[PDB]
Each structure stands twice: as structure tokens, then as C-alpha cells.
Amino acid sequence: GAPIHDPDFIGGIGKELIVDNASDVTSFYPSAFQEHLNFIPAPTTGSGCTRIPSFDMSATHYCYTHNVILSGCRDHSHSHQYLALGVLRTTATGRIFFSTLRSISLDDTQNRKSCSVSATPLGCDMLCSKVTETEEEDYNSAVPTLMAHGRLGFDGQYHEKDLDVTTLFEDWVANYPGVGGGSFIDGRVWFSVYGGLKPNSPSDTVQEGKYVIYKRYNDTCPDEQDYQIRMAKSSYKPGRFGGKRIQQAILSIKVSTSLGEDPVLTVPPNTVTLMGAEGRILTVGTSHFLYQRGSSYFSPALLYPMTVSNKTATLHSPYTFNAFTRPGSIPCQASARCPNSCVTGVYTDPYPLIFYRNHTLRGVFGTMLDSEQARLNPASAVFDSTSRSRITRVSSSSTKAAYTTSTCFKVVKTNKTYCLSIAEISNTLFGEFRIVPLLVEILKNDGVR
């Protein structure tokens, strides 16, 4: 009942779970979906949905949030944001369960969207955008998107303060949290953000001519160099949003009793980051990572190493997991290998699981959508730079998915590793999308070699 993970988990949260230098990475694999957790509420109505999940867990507690629609699941409809603070516990038999300490349903008149959450010492910090217009309409409006920093504390109270986006995002026409969780580092909470830049603004101008090409493993693009460069450059300005540059950014905010205190926006050079997209900032062991959704031409899961310098951050060449692809519209489908202009893909994050002894990330766990173009066929597996382990299908090849966010941990008492995969899924005819949490133990076949 204590407001902290039960003793069995103490010391098994947020660290490098598996450190192997010999044993092959893909030798580890997910077992069957165990104890179907019930900490995530079902939709309030039978005709509504729960969508856009965000999750983050510290050494003492976890934070979770999702958006609820009462009728249908159309983005152009009123919504309510559900937010919860909880901890990991075990029953007398050892059964793992996520216990909620506090939760709140923000049912006011504000229209919060694309919210990300982070577990901080003060509770559960949330970054949301507040809008009344459509996304395409947002990028059409020169002014930035309103954003707010909120927090559900251990005392159950929720507080929030709107950020001064006029100045904070002066060079932006649209800006949203990346949905994936944020991370607490050196007294500040760090959230991945993305949106569009005001053409010719100081921020835009500094990105002119900047781009980067990430190639697939053992599958080079046939297009001529001059062509790829031309297309790579154009990937930052897709036709979907009228040519505005879609930019990746990182927002850090001081964690204290004053919400929204001293926000600082960092915009990495596009010679490192690809087109802006939904994302997540996470800390595993002593390393920090920024996951970026493959909304552009690059299909394999990206994990940009992230370093912190006071109130700002720096991203380095990303880790890539070639087999951990995502579905997308042509010419940016899962098998794509050439630079192109598109706004597709889906959020399916990879969680750092296996590392070398020198702390270099080697393998990750995640629930990919095993499909070429359509958003369907969710499947959990362990991935390394080029391969995929034995998989565990979430349901059927028909199952539709919109988001999957995974976080792994260890039960020190039994020394077993588990991975939680939260997925917004739906069946061809069982209603709208709804968020479902799944747990799997990470196994290792020894009778193999």
C-alpha cells in the first residue's frame, strides 16, 4: 500500500536489464502474454475509444495517461484526458500487477491532445497541447499551438499552467508533445516535441540545406546520389502540411512546485535528426535516448543517443533496428530504402534491453506492426541491428493498431525480466480502438547451443 514499487522490484527498474557480449542478441525472445493487466481503464462507453497512450516509470513509481472519446474515435471530436500515478506490486503468489495510487479524469472544457507523461519525484508530469482547430488547420495558422505543463501528485491533486508559447515557440506554426513518455534528468523533465516552423524564421533559416540520409542494412537505394539528396532535403517539407518544415525538438522544464517553470527548447540540427515526428525520451541505466517515429521515409526503429548539458540537449547518430520496421504509405512502406517525402508510419517504440559490457546498446524489445503498408498485425519481439527474435503475436493478422509503447523491468526477487507493451488496438468489428496492456517475460533458449 506504500507509495512505491513493492520490495521485489526495488533495484530492477530503469536499468540495463541484460548485459551479454557473447550470447547472440536475438537468442532472447518474448514468451506468451502473461497476466493480462487491468490497470488501464476501458473506454467509458461501448461506442467510444481510448487512444494515444503515454507511459513512463521511475525507480519508485510509474505514470500513465490516455485520451478518451465518448462517441467514435474521430480526432475532430471532444475528448477527456485520463491520468494516473501507480506502482508495481506482487501478490502473495508472486503475480505482478500495476497498482494505481491516484488517477484523475480531466473532464473540463479544455481540449488537451497528443499528451506525453513523465515520472518525476513530485509525481506525474504531463505535457499537452490545447487546441480547438484541426492539425492541418494548425499548420495553416501562423501562430504557435498552446501547450500546458501539468502534474498529478502523490497527494492526488492536479495542477497545471499554460506555457508562453508566443515566445517559447515563436518560430513555430504548430507544435505538439511527441506522445511517448518524457524523462526526469538533473532536476528537469524532458519531452520530445515536434511540429512545423514559420518559413524563413530564425529557426527555419538555420535548418536550410540541412539533412541526413540513413541507409538500410544490406539493401542500398538504387536512385542516383543527386536524386537522393534532392529527395532527402524535401522529406523535411512534405506536401501534407503545405511545405512547412516539419521539425524535431526537445523541451526541458524545471520540476518544482511551480508548473511550467523556466522552459527551454532545443532544436537539433537536421544533419542528425530526420523529419520531425512523435517520439519519446527515456533513460535506461545512465544512458538517455530519444525515440523518433518513422513518419518519413526511414522504416527501421530509431533510437538517437541523447546527452544533456544543463537546460539543453544533444542527439547523436541513432541506433537502428532494420527488422523492427513499421507500415507506411508508398513510397515509404516498411521495405522502403530510398529517401522520399511522406508523412506516414506509426508510433511503435523500442525499449533498450540488451547492452555490451561497455554500455553500448545492443538489443531492444518492442511491439511492431508486422505489415508493409496497413496498420495491422501487432507482434512483440527482441531486435538487434539486423535481426528479429521469435515473435509473440498480440492477436490476429486482422488486428488494427495505432500505437505501442513498451517499457521493460526486472523482478529482483526472482531475477526475471519482463516487458510491458501498451497498445491501442481494435478488431475489424469489435468496436473502436482501445488501449490494452500486455506483459511478457523475456526468455533465453539454452538448449540451442
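Just count from 1 along the sequence shown to find any residue number.
For the pair 372-380 and 73-81, the record assigns the higher mean C-alpha temperature factor to 73-81. The stretch 92-100 shows the higher mean C-alpha B-factor when 187-195 is compared against 92-100 in the entry. You'll see in the entry that, of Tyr403, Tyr29, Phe409, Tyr62, the Cα B factor peaks at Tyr29. Taking the deposited Cα B-factors for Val212, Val165, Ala301, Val267, the highest one is held by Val212.
Annotation for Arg151: CA B-factor lies in the lowest third of the chain's modelled residues. Sort the modelled residues of the chain by CA B factor and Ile253 lands in the lowest third. Per the PDB record, residue ranking by Cα B-factor puts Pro339 in the highest third of the chain. Residue-level temperature factors show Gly14 in the middle third of its chain, judged at the C-alpha atom. Among all modelled residues in this chain, the alpha-carbon of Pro3 has a temperature factor (C-alpha) in the lowest third.
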